[PDB]
$ cat my_file38.pdb   # PDB, C-alpha atoms and all ligand atoms
ATOM      1  CA  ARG F 318     199.860  76.745 152.614
ATOM      2  CA  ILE F 319     200.073  73.020 151.594
ATOM      3  CA  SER F 320     202.695  70.546 150.155
ATOM      4  CA  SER F 321     201.550  67.046 149.156
ATOM      5  CA  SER F 322     204.706  65.709 150.959
ATOM      6  CA  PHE F 323     204.244  64.068 154.394
ATOM      7  CA  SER F 324     206.595  62.989 157.134
ATOM      8  CA  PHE F 325     206.967  59.413 158.509
ATOM      9  CA  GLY F 326     209.841  58.030 160.591
ATOM     10  CA  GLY F 327     211.848  61.212 160.098
ATOM     11  CA  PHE F 328     211.666  61.025 156.350
ATOM     12  CA  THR F 329     209.792  63.327 154.056
ATOM     13  CA  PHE F 330     207.748  61.231 151.647
ATOM     14  CA  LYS F 331     206.590  62.439 148.278
ATOM     15  CA  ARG F 332     204.366  60.260 146.065
ATOM     16  CA  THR F 333     205.704  60.216 142.539
ATOM     17  CA  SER F 334     203.386  57.671 140.930
ATOM     18  CA  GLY F 335     200.156  55.735 141.518
ATOM     19  CA  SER F 336     197.333  56.078 144.005
ATOM     20  CA  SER F 337     195.758  54.256 146.954
ATOM     21  CA  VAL F 338     192.590  53.918 148.956
ATOM     22  CA  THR F 339     192.439  52.715 152.602
ATOM     23  CA  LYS F 340     190.635  50.046 154.585
ATOM     24  CA  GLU F 341     191.031  49.299 158.299
ATOM     25  CA  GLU F 342     192.220  45.708 159.066
ATOM     26  CA  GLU F 343     193.045  43.839 162.221
ATOM     27  CA  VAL F 344     196.405  42.111 162.134
ATOM     28  CA  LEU F 345     198.029  39.672 164.474
ATOM     29  CA  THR F 346     201.622  40.632 165.591
ATOM     30  CA  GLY F 347     204.438  38.088 166.197
ATOM     31  CA  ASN F 348     203.837  38.875 169.896
ATOM     32  CA  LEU F 349     200.253  37.546 169.622
ATOM     33  CA  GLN F 350     198.681  41.033 169.954
ATOM     34  CA  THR F 351     195.818  42.084 167.671
ATOM     35  CA  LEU F 352     196.480  45.594 166.144
ATOM     36  CA  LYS F 353     194.074  47.625 164.015
ATOM     37  CA  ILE F 354     195.899  49.211 161.049
ATOM     38  CA  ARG F 355     194.874  51.404 158.240
ATOM     39  CA  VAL F 356     195.953  49.405 155.169
ATOM     40  CA  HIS F 357     196.664  51.261 151.899
ATOM     41  CA  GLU F 358     195.683  49.410 148.751
ATOM     42  CA  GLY F 359     197.215  50.320 145.367
ATOM     43  CA  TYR F 360     200.527  50.544 143.558
ATOM     44  CA  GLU F 361     202.499  53.628 144.549
ATOM     45  CA  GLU F 362     205.989  55.088 144.163
ATOM     46  CA  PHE F 363     207.607  57.543 146.614
ATOM     47  CA  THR F 364     210.796  59.448 147.214
ATOM     48  CA  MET F 365     212.064  59.513 150.806
ATOM     49  CA  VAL F 366     214.415  62.273 152.035
ATOM     50  CA  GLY F 367     215.947  62.161 155.399
ATOM     51  CA  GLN F 368     218.760  64.068 157.099
ATOM     52  CA  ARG F 369     221.320  61.337 156.456
ATOM     53  CA  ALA F 370     219.811  59.113 153.792
ATOM     54  CA  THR F 371     217.450  59.263 150.737
ATOM     55  CA  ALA F 372     215.474  56.485 149.076
ATOM     56  CA  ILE F 373     213.066  55.565 146.309
ATOM     57  CA  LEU F 374     210.344  53.047 147.179
ATOM     58  CA  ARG F 375     207.733  51.159 145.124
ATOM     59  CA  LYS F 376     204.989  49.367 147.016
ATOM     60  CA  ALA F 377     201.568  47.714 146.460
ATOM     61  CA  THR F 378     199.022  46.496 149.025
ATOM     62  CA  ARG F 379     201.108  45.259 152.043
ATOM     63  CA  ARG F 380     204.106  44.659 149.795
ATOM     64  CA  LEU F 381     207.406  46.417 149.369
ATOM     65  CA  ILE F 382     208.157  45.857 145.695
ATOM     66  CA  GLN F 383     211.514  47.707 145.413
ATOM     67  CA  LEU F 384     213.615  50.030 147.558
ATOM     68  CA  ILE F 385     216.815  51.879 146.611
ATOM     69  CA  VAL F 386     218.640  53.608 149.459
ATOM     70  CA  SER F 387     221.544  56.063 149.478
ATOM     71  CA  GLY F 388     223.191  56.859 152.799
ATOM     72  CA  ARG F 389     226.411  57.984 154.260
ATOM     73  CA  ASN F 390     226.969  54.926 156.469
ATOM     74  CA  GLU F 391     225.475  51.579 157.598
ATOM     75  CA  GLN F 392     223.387  53.061 160.425
ATOM     76  CA  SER F 393     221.845  55.852 158.185
ATOM     77  CA  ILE F 394     221.089  53.214 155.565
ATOM     78  CA  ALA F 395     219.500  50.798 158.061
ATOM     79  CA  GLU F 396     217.281  53.724 159.460
ATOM     80  CA  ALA F 397     215.934  54.336 155.968
ATOM     81  CA  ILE F 398     215.351  50.563 155.417
ATOM     82  CA  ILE F 399     213.395  50.171 158.657
ATOM     83  CA  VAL F 400     211.070  53.099 157.842
ATOM     84  CA  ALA F 401     210.392  51.664 154.385
ATOM     85  CA  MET F 402     209.783  48.126 155.712
ATOM     86  CA  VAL F 403     207.307  49.494 158.310
ATOM     87  CA  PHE F 404     205.710  51.808 155.751
ATOM     88  CA  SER F 405     205.209  48.797 153.432
ATOM     89  CA  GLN F 406     202.757  47.203 155.956
ATOM     90  CA  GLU F 407     204.182  43.716 155.063
ATOM     91  CA  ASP F 408     202.820  40.768 157.085
ATOM     92  CA  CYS F 409     206.458  39.549 157.568
ATOM     93  CA  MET F 410     207.126  42.886 159.300
ATOM     94  CA  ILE F 411     204.016  42.537 161.450
ATOM     95  CA  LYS F 412     205.059  38.943 162.302
ATOM     96  CA  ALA F 413     208.618  39.969 163.300
ATOM     97  CA  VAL F 414     207.205  41.933 166.219
ATOM     98  CA  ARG F 415     208.392  40.520 169.587
ATOM     99  CA  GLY F 416     207.067  42.824 172.217
ATOM    100  CA  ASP F 417     203.950  44.735 173.272
ATOM    101  CA  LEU F 418     202.906  47.628 171.138
ATOM    102  CA  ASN F 419     201.688  49.897 173.891
ATOM    103  CA  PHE F 420     204.337  52.641 173.620
ATOM    104  CA  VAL F 421     203.588  56.157 174.780
ATOM    105  CA  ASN F 422     205.242  59.548 174.175
ATOM    106  CA  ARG F 423     206.522  61.986 176.864
ATOM    107  CA  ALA F 424     202.938  63.229 177.259
ATOM    108  CA  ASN F 425     201.641  59.700 178.099
ATOM    109  CA  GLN F 426     199.895  59.553 174.647
ATOM    110  CA  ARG F 427     199.624  56.125 172.931
ATOM    111  CA  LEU F 428     201.497  56.083 169.616
ATOM    112  CA  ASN F 429     199.265  55.192 166.699
ATOM    113  CA  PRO F 430     199.696  51.682 165.191
ATOM    114  CA  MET F 431     202.202  52.660 162.468
ATOM    115  CA  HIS F 432     204.256  54.605 165.006
ATOM    116  CA  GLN F 433     204.098  51.657 167.485
ATOM    117  CA  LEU F 434     205.728  49.527 164.717
ATOM    118  CA  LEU F 435     208.321  52.126 163.956
ATOM    119  CA  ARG F 436     209.298  52.579 167.619
ATOM    120  CA  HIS F 437     209.507  48.775 168.179
ATOM    121  CA  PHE F 438     211.901  48.259 165.186
ATOM    122  CA  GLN F 439     213.912  51.409 165.710
ATOM    123  CA  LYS F 440     214.713  49.908 169.134
ATOM    124  CA  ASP F 441     215.650  46.476 167.685
ATOM    125  CA  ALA F 442     215.421  45.436 164.015
ATOM    126  CA  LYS F 443     217.230  42.166 164.214
ATOM    127  CA  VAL F 444     214.140  39.914 163.879
ATOM    128  CA  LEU F 445     212.755  42.221 161.168
ATOM    129  CA  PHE F 446     215.926  41.845 159.144
ATOM    130  CA  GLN F 447     216.232  38.093 159.729
ATOM    131  CA  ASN F 448     212.714  37.291 158.665
ATOM    132  CA  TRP F 449     212.361  39.703 155.734
ATOM    133  CA  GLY F 450     214.123  37.244 153.347
ATOM    134  CA  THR F 451     217.022  37.634 150.998
ATOM    135  CA  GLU F 452     217.512  37.022 147.272
ATOM    136  CA  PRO F 453     220.472  36.393 144.943
ATOM    137  CA  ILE F 454     221.454  39.485 143.024
ATOM    138  CA  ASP F 455     222.742  40.239 139.564
ATOM    139  CA  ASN F 456     225.672  42.524 138.904
ATOM    140  CA  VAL F 457     223.612  45.687 138.281
ATOM    141  CA  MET F 458     225.780  48.727 137.464
ATOM    142  CA  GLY F 459     225.541  51.291 140.239
ATOM    143  CA  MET F 460     223.837  49.148 142.844
ATOM    144  CA  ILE F 461     225.068  46.853 145.644
ATOM    145  CA  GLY F 462     223.279  44.366 147.933
ATOM    146  CA  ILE F 463     222.817  44.761 151.688
ATOM    147  CA  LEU F 464     222.622  41.833 154.036
ATOM    148  CA  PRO F 465     220.432  41.345 157.137
ATOM    149  CA  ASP F 466     223.376  42.479 159.302
ATOM    150  CA  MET F 467     223.503  45.725 157.277
ATOM    151  CA  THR F 468     226.870  45.019 155.653
ATOM    152  CA  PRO F 469     227.374  45.095 151.766
ATOM    153  CA  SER F 470     227.173  42.178 149.491
ATOM    154  CA  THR F 471     227.668  41.792 145.774
ATOM    155  CA  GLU F 472     226.084  38.305 145.934
ATOM    156  CA  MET F 473     222.823  38.508 147.867
ATOM    157  CA  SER F 474     220.579  41.188 149.382
ATOM    158  CA  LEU F 475     217.506  41.756 151.453
ATOM    159  CA  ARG F 476     214.578  40.956 149.189
ATOM    160  CA  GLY F 477     213.574  43.975 147.022
ATOM    161  CA  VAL F 478     216.305  46.158 148.567
ATOM    162  CA  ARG F 479     219.445  47.695 147.005
ATOM    163  CA  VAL F 480     221.938  50.320 147.967
ATOM    164  CA  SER F 481     222.920  52.933 145.403
ATOM    165  CA  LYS F 482     226.727  53.267 144.666
TER     166      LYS F 482
HETATM  167  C1  LIG F 501     201.365  53.032 154.868
HETATM  168  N1  LIG F 501     200.956  54.418 154.524
HETATM  169  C2  LIG F 501     201.093  55.509 155.485
HETATM  170  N2  LIG F 501     200.720  56.676 154.663
HETATM  171  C3  LIG F 501     200.745  58.033 155.209
HETATM  172  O1  LIG F 501     201.799  58.052 156.093
HETATM  173  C4  LIG F 501     201.541  59.071 157.066
HETATM  174  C5  LIG F 501     201.773  58.582 158.501
HETATM  175  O2  LIG F 501     200.947  57.479 158.777
HETATM  176  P1  LIG F 501     200.070  57.332 160.122
HETATM  177  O3  LIG F 501     200.829  57.926 161.300
HETATM  178  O4  LIG F 501     199.475  56.019 160.188
HETATM  179  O5  LIG F 501     198.854  58.329 159.577
HETATM  180  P2  LIG F 501     198.013  59.550 160.231
HETATM  181  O6  LIG F 501     197.019  59.876 159.142
HETATM  182  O7  LIG F 501     199.006  60.562 160.753
HETATM  183  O8  LIG F 501     197.439  58.733 161.486
HETATM  184  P3  LIG F 501     196.285  58.967 162.545
HETATM  185  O9  LIG F 501     195.447  57.739 162.183
HETATM  186  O10 LIG F 501     196.862  59.010 163.975
HETATM  187  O11 LIG F 501     195.672  60.296 162.178
HETATM  188  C6  LIG F 501     200.098  59.521 156.771
HETATM  189  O12 LIG F 501     200.156  60.687 155.869
HETATM  190  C7  LIG F 501     199.509  58.342 156.029
HETATM  191  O13 LIG F 501     198.458  58.680 155.095
HETATM  192  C8  LIG F 501     200.569  56.343 153.337
HETATM  193  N3  LIG F 501     200.358  57.111 152.269
HETATM  194  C9  LIG F 501     200.287  56.521 151.060
HETATM  195  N4  LIG F 501     200.021  57.280 149.976
HETATM  196  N5  LIG F 501     200.478  55.199 150.885
HETATM  197  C10 LIG F 501     200.778  54.324 151.902
HETATM  198  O14 LIG F 501     200.922  53.090 151.686
HETATM  199  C11 LIG F 501     200.868  54.911 153.221
END
$ encode --input "my_file38.pdb" --output "structure tokens" --more "lines below"
Ligand SMILES: CN1CN([C@@H]2O[C@H](COP(=O)(O)OP(=O)(O)OP(=O)(O)O)[C@@H](O)[C@H]2O)c2nc(N)[nH]c(=O)c21
Amino acid sequence: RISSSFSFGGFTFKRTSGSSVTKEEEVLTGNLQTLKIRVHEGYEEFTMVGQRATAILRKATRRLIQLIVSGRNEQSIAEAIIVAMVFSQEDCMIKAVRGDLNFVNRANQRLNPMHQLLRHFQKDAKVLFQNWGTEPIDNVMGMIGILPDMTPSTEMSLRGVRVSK
């Protein structure tokens, strides 16, 4: 008895537009580790629904194109942003890695590559946020910028990212 929604990072994803195919690709992390990832190719749109935040995300092959997040505070917002940056598969995300990706669960099972990324950045996102890039923003009604330290800005924002008012 089957929904087309899936879970990732504690968010329920639902594709609302586009399609993708996959290819496996070896990437090099910022910690000099080689990691085999399943890369999705194609333009897609998704809704994300979590317990404390919701989002809409557009992406293409290893690119976050746009993200809008709504959340009840800075931490719930940042959790949603991290999941979307990992989910995007961006090379700047892969290059912000600073530790070994050999995490296990409480059963001694190795997390899969996408979950290794998630766990790494859920533990510390500061390099992720610093290296993602920012962009000047226009005064768009209903939307506010968010800086790399997760505080609001009407002037600049993480590249491709906005927070809904
Ligand atoms: C980046 N991804 C990840 N993903 C989906 O996100 C979910 C979690 O990703 P994952 O843990 O790597 O995939 P899973 O298939 O569980 O991994 P495993 O290889 O261990 O079986 C899966 O349903 C995967 O198909 C995606 N789905 C779509 N449509 N587009 C995308 O760009 C992405």
$ atom_distance --input "my_file38.pdb" --atom1 "atom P2 of ligand LIG 501 (chain F)" --atom2 "CA of residue 426 in chain F"
14.5 Å
$ residues_near_ligand --input "my_file38.pdb" --ligand "ligand LIG 501 (chain F)" --cutoff "6 Å" --atoms "only C-alpha atoms and all ligand atoms" --output "PyMOL selection string"
chain F and resi 323+325+357+404-405+429+431
$ residues_around --input "my_file38.pdb" --residues "residue 354 in chain F" --least-positions-apart "4" --cutoff "7 Å" --atoms "all atoms listed in the file" --output "PyMOL selection string"
chain F and resi 341-343+430
$ write_last_selection --input "my_file38.pdb" --atoms "C-alpha atoms" --output "short mmCIF file (atom, residue, chain, number, x, y, z; two decimals), in the coordinates of the input"
data_model
loop_
_atom_site.label_atom_id
_atom_site.label_comp_id
_atom_site.auth_asym_id
_atom_site.auth_seq_id
_atom_site.Cartn_x
_atom_site.Cartn_y
_atom_site.Cartn_z
CA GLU F 341 191.03 49.30 158.30
CA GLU F 342 192.22 45.71 159.07
CA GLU F 343 193.04 43.84 162.22
CA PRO F 430 199.70 51.68 165.19
#
$ atom_distance --input "my_file38.pdb" --atom1 "CA of residue 467 in chain F" --atom2 "CA of residue 327 in chain F"
19.6 Å
$ closest_residue --input "my_file38.pdb" --among "F:336, F:346, F:425, F:439" --to "residue 359 in chain F" --atoms "only C-alpha atoms"
F:336
$ residues_near_point --input "my_file38.pdb" --point "(206.2, 56.8, 152.8)" --cutoff "9 Å" --atoms "all atoms listed in the file" --output "PyMOL selection string"
chain F and resi 323-326+328-332+362-365+374+400-401+404-405
$ residues_around --input "my_file38.pdb" --residues "range 383-398 of chain F" --least-positions-apart "2" --cutoff "6 Å" --atoms "all atoms listed in the file" --output "VMD selection string"
chain F and resid 369 to 375 381 400 to 401 477 to 481
$ closest_residue --input "my_file38.pdb" --among "F:476, F:482, F:340, F:415" --to "residue 380 in chain F" --atoms "only C-alpha atoms"
F:476
$ axis_aligned_box --input "my_file38.pdb" --around "range 448-460 of chain F" --padding-each-side "4 Å" --output "lines of an AutoDock Vina configuration file"
center_x = 219.1
center_y = 43.8
center_z = 148.1
size_x = 21.4
size_y = 22.9
size_z = 29.2
$ atom_distance --input "my_file38.pdb" --atom1 "CA of residue 409 in chain F" --atom2 "CA of residue 360 in chain F"
18.8 Å
$ residues_around --input "my_file38.pdb" --residues "range 449-458 of chain F" --least-positions-apart "2" --cutoff "12 Å" --atoms "all atoms listed in the file" --output "number ranges by chain"
F: 380-381, 398-399, 402-403, 405, 407-414, 442-447, 460-466, 469-482
$ residues_near_point --input "my_file38.pdb" --point "(205.5, 46.7, 171.6)" --cutoff "10 Å" --atoms "all atoms listed in the file" --output "MDAnalysis selection string"
chainID F and resid 346 348 350 414:420 430 433:438
$ closest_residue --input "my_file38.pdb" --among "F:406, F:378, F:422, F:351" --to "residue 335 in chain F" --atoms "all atoms listed in the file"
F:378
